[PDB]
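Listed in order, the protein sequences are those of chains B and A. Using the entry's author numbering, read the first sequence as starting at 31 and increasing by one per residue. Using the entry's author numbering, read the second sequence as starting at 31 and increasing by one per residue. Structure, as structure tokens:
There are 2 protein chains.
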Amino acid sequence: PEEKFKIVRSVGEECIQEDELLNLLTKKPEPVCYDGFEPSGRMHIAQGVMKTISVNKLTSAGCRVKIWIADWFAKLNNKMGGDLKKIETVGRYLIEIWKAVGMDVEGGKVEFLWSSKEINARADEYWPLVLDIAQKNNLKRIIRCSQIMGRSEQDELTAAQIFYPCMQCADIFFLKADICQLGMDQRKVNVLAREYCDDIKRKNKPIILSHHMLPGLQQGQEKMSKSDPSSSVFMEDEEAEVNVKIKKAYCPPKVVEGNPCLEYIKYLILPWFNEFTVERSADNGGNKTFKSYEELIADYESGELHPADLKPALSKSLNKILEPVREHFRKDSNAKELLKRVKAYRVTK
Amino acid sequence: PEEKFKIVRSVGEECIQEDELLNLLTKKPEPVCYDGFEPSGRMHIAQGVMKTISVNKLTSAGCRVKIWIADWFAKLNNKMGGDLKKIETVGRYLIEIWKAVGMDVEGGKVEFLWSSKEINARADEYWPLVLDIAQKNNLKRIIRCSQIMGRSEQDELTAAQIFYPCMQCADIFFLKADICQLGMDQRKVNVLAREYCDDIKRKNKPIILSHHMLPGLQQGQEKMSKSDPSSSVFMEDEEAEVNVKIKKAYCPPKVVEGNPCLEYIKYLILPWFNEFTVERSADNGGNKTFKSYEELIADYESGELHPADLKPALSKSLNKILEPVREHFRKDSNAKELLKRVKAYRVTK
RNA sequence: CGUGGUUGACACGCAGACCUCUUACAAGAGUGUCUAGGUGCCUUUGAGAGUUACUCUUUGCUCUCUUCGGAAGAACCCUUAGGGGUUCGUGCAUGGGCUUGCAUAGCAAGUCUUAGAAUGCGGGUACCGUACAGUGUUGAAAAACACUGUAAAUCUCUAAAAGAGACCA
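Structure, rendered in structure tokens:
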């Protein structure tokens, strides 16, 4: 079990109640992890590669991971104009990308679930729980959780934008979840779920594994936004476009803080290949391999590793990791049609 | 149609867009009526008998009436502690109550429908509507739709309590109703729904048929309260119970305003019996029969009809109205069991 | 913006931008490309009636003549030629004196300029260069002529928002 809490804790930067997670790993042989995915259009890299890495870490630890294709969450946030069929197409696109990028679906440990079909099948189990969470939480607590949706508390929130935390908190218990492996922004609704467990006196509270929020490619972008395609790497971005964005990616010399390129390295590459090789001419210090992020940041700050070397090796490696998905969507006809339809849709706020 | 227009109009104290109502009666041979009521315990007279009078008078106009069994909604309001089983038992109690009191169901024009059952059978049709109502209306408007559960906007609100108004407003297009026969009390959510569709630019708003809110037997009670059985005559109340409640009922001499006995006559006896007979000794002016309410008020204000004579006649007529219910619940085993269980349930605020 | 070409084509002095390559946004290379807007007016404007649980208001969708003349320009019907019957096209806030809150002059307000087209702004209305899709011609490439359109391609093809009068979990 020791390696296991290491393997899983490596999934998220923030882990609440580490001892209880250890207990769960020790006692219940196949913990169930989940994350929610609103199909809101083209999905950027932090969504694909980092999550594939995380789910692979979990399944290698023996965890069952449920990928919640949260369609009504997408409509509740008026994605795609709230269109059922476009949203279904986008979800199929996402599943295809995950299969292509190297997600261990064939392992039999990853199950992709639709909120509409699944919840439609057990409405009686769910809706009472939503009513209960909604009843046991005043409005203000629900509104504070709006950041799960990407909306501030000052946003004019539709009453559905008020219910949304209720359903998303409920899914935690609907799905009988053990580990909430999600992003930072899901932290408020996850705490809503624990305080609900406190209200309903369920001893077994869910473990919380909140993941690092991958920044946008431009300076000061705490997170990639689908609204700025140049600031977000899309998993279907082409070789040249990878290159262009990266070149345009912010990467000040000797400055690690707020330097996105180093962060994407840290959270994608070293997790992907265990090391980062910067290929350099003999005159400029020759080829160099970074097996760890500390070595990379040291060589970056000292000035031995300049951004002009990081970014090219960086985009090289990014295009490498992305090439299999390019090949899949070039080869698979249904995936190709899904890609064309998804790019044919307008991104909505 | 003018006959139909008058008949339907007489049901409610306030009838709105009378032009639209006349148009509907002329163009739709069988317009759709309904009532939504939380099964929250013992049935008092204003809720049973007045509703029976209105629904029967409407069905004689050829109208179809859908009685909305508000079990899921009642659970939203925590009736019987929100226990759906007790809610269902109370609903069966109330249905057999209407049957005993003289509903025209055998005419095939009255329909009892279950909110939980129908919503589950057509949840795909329902839930989107509630969402939409949530969207097009801010929080403040839905809280302004608070009353249809009862409290003012100031009392503490949970999120389920915010589902409720939009859920009723969705009931509208869920039921395909053209005229909504309910009390004055459904009003601000009524325009919640008109605003809803003005926004969708549909073409035909349904009519309201607002029933008078019957006061309690005590001074200053603008409406009946089940929290006060002493101010509430229950349709299963024995002759002694009715007589005592009427005796303690507020009825100042020569004062018509706020005299619940007079409104009780107006809305139960004259509508039910077409007349009101006050039995008095030859010395006390002898028996007098009131066919119209104005004659009753003229004699009452002039002092010829004293409360000592009005109250016994009121109690006699009310007991006459309630005797069929007593006989039904005395003879029918299932009705008697339902009565036992409903009386056994603590009316939960 | 100018140049030689009288002129269309053809090249040059400056900017910008679309695409590629590099490159840390920056920055640098490539002529593959393009780059004037006008001629014309209207458009601040009675009321009511309707937009799937009340009224009304701030706004939006439909029915009667569509307020200083209101269908501006267009289109449909009929003509000796002058004309006529019909439809569509319905923009939004302020002033300026009038007096005050202010010793008169910000901002607003009680009044009018049906609208001082005055101050700010879009849409439709023919023509033109431009560019392309389509026709016919001159045309060996290129270029050009005339018509439809676009230049702000296109629209809630109906998921129009808010506000004031009430009985809860």
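Beta carbons are placed, not taken as given, at the ideal position from N, Cα and C, and that holds for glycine.
Proximity to residue i [Cα-Cα], best of the options
i       : options                            : result
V135(A) : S90(A), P337(A), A76(A)            : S90(A)
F359(B) : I238(B), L369(B), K350(B)          : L369(B)
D208(A) : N220(A), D215(A), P158(A)          : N220(A)
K321(B) : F303(B), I173(B), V285(B), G246(B) : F303(B)
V62(A)  : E44(A), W98(A), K284(A)            : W98(A)
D258(B) : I37(B), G138(B), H74(B)            : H74(B)
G333(B) : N314(B), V372(B), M243(B)          : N314(B)
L352(B) : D339(B), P69(B), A270(B)           : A270(B)
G213(A) : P31(A), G42(A), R310(A), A189(A)   : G42(A)
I127(A) : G250(A), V79(A), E325(A)           : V79(A)
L124(B) : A365(B), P354(B), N108(B), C199(B) : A365(B)
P337(B) : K284(B), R356(B), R376(B)          : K284(B)
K278(A) : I295(A), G246(A), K256(A), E309(A) : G246(A)
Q184(A) : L348(B), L169(B), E225(B)          : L169(B)
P31(B)  : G92(B), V131(B), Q191(B), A153(B)  : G92(B)
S255(A) : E33(A), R72(A), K34(A), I37(A)     : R72(A)
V272(A) : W144(A), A190(A), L348(A), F193(A) : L348(A)
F264(A) : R224(A), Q251(A), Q77(A), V160(A)  : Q77(A)
For residue i, the three-state DSSP class (helix, strand or coil)
i       : result
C281(B) : coil
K379(B) : coil
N364(B) : helix
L143(B) : strand
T307(A) : strand
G66(B)  : strand
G213(B) : strand
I46(A)  : coil
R94(A)  : strand
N168(B) : strand
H241(B) : strand
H358(B) : helix
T319(B) : strand
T188(A) : strand
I99(B)  : strand
Closer than 8 Å at the beta carbon, the chain B residues around residue i
i       : result
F193(A) : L161, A164, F193
Spatial neighbours of residue i in its chain, beta-carbon cut-off 8 Å, leaving aside the 5 residues before and after
i              : result
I230(B)        : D162, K166
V286(B)        : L292, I327, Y330, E331
residue 383(B) : Given that chain B is displayed from residue 31 to residue 379, the structure contains no residue 383(B) and the question cannot be resolved.
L54(B)         : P61, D208, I209, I237
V308(B)        : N317, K318, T319, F320, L335, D339, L340, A343
Neighbourhood of residue i by C-beta distance below 7 Å, restricted to the same chain and skipping five residues each side
i       : result
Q248(A) : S261, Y280
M133(B) : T82, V85, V140
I46(A)  : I237, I238
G137(B) : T89
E50(A)  : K235, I237
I117(A) : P69, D101, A104, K105, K109, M110
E367(A) : none
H242(B) : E43, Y297
The ligand HEM heavy atom lying under 7 Å from the CB of residue i
i       : result
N304(A) : No copy of the ligand HEM appears in this structure; indeed no ligand is present at all.
9 Å Cβ cut-off: residues of chain A touching residue i
i       : result
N168(B) : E186, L187, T188, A189
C196(B) : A189, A190, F193
Within chain A, partners of residue i - CB distance below 8 Å
i       : result
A153(B) : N150, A153
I172(B) : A189
Other residues of its chain near residue i: CB distance less than 6 Å, five sequence neighbours each side excluded
i       : result
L114(A) : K105
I276(B) : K341, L344, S345
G111(A) : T378
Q216(A) : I178
Output needed in chain order: residues of the region 95-129 of chain A with a Cβ under 9 Å from some Cβ in chain B. Of all residues in the region 95-129 of chain A, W102, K105, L106, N108, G112, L114 have a Cβ within less than 9 Å of some Cβ in chain B.
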